[PDB]
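Have a look at the structure below before the remarks.
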Amino acid sequence: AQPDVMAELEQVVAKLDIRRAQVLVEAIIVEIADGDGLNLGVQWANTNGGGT
Amino acid sequence: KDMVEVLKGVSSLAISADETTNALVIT
């Protein structure tokens with residue numbers, strides 16, 4: 001380009017070529033799970049009377 | 001990249017966005 005644009009492109013480049021900063025990204029996924037089933041049940045069977 | 005589209009309306013002046021340094025070059 002023209003020397004006037006060359007000097008303009010030279011500033012654009014210098015700004016655009018800036019050392020891009022780095023990022024360390026730690027994620028922390030914590031899950032906790034449990035629960036209580038309970039099955040208690042009573043059955044009575046009698047020949048004479050009847051059963052449940 | 002997203003800002004380029006926004007500004008393109010305002011212009012529509014000559015724009016591009018550098019995906020790397022995430023900078024906008026307008027003239």
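Each chain of the structure tokens is named A, B, ... in the order shown, its residues numbered from 1; ligands are numbered from 1 in display order.
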Mind the document's chain letters and residue numbers, and return as a short mmCIF file (atom, residue, chain, number, x, y, z; two decimals) with N, CA, C and O atoms, in the first residue's frame the residues of chain B that DSSP labels helix (DSSP H, G or I).
data_model
loop_
_atom_site.label_atom_id
_atom_site.label_comp_id
_atom_site.auth_asym_id
_atom_site.auth_seq_id
_atom_site.Cartn_x
_atom_site.Cartn_y
_atom_site.Cartn_z
N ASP B 2 -18.64 -10.95 17.18
CA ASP B 2 -20.07 -10.63 17.37
C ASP B 2 -20.25 -9.13 17.17
O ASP B 2 -21.23 -8.75 16.53
N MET B 3 -19.30 -8.33 17.68
CA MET B 3 -19.35 -6.85 17.61
C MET B 3 -19.25 -6.40 16.16
O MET B 3 -19.86 -5.36 15.83
N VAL B 4 -18.49 -7.12 15.33
CA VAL B 4 -18.29 -6.73 13.91
C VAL B 4 -19.68 -6.60 13.28
O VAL B 4 -19.95 -5.58 12.65
N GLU B 5 -20.53 -7.60 13.48
CA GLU B 5 -21.88 -7.65 12.85
C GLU B 5 -22.66 -6.43 13.31
O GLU B 5 -23.29 -5.80 12.47
N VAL B 6 -22.59 -6.14 14.60
CA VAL B 6 -23.32 -5.01 15.24
C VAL B 6 -22.89 -3.73 14.55
O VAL B 6 -23.76 -2.90 14.21
N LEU B 7 -21.58 -3.55 14.41
CA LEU B 7 -21.00 -2.27 13.94
C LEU B 7 -21.24 -2.19 12.42
O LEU B 7 -21.38 -1.07 11.91
N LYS B 8 -21.34 -3.33 11.75
CA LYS B 8 -21.50 -3.38 10.28
C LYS B 8 -22.76 -2.61 9.91
O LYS B 8 -22.75 -1.90 8.91
N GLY B 9 -23.82 -2.77 10.70
CA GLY B 9 -25.05 -1.97 10.54
C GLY B 9 -24.71 -0.49 10.56
O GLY B 9 -25.18 0.24 9.67
N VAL B 10 -23.93 -0.05 11.54
CA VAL B 10 -23.68 1.40 11.78
C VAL B 10 -22.93 1.95 10.58
O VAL B 10 -23.23 3.08 10.15
N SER B 11 -21.94 1.18 10.12
CA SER B 11 -21.11 1.47 8.92
C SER B 11 -22.00 1.47 7.69
O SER B 11 -21.87 2.37 6.84
#
Quick one: which residues from chain A are at most 12 Å off chain B, using only C-alpha atoms, as a VMD selection string?
chain A and resid 5 8 to 9 11 to 22
Check the DSSP output for the backbone and give back, as a PyMOL selection string, the residues of chain A in strand (DSSP E or B).
chain A and resi 45-46+50-51
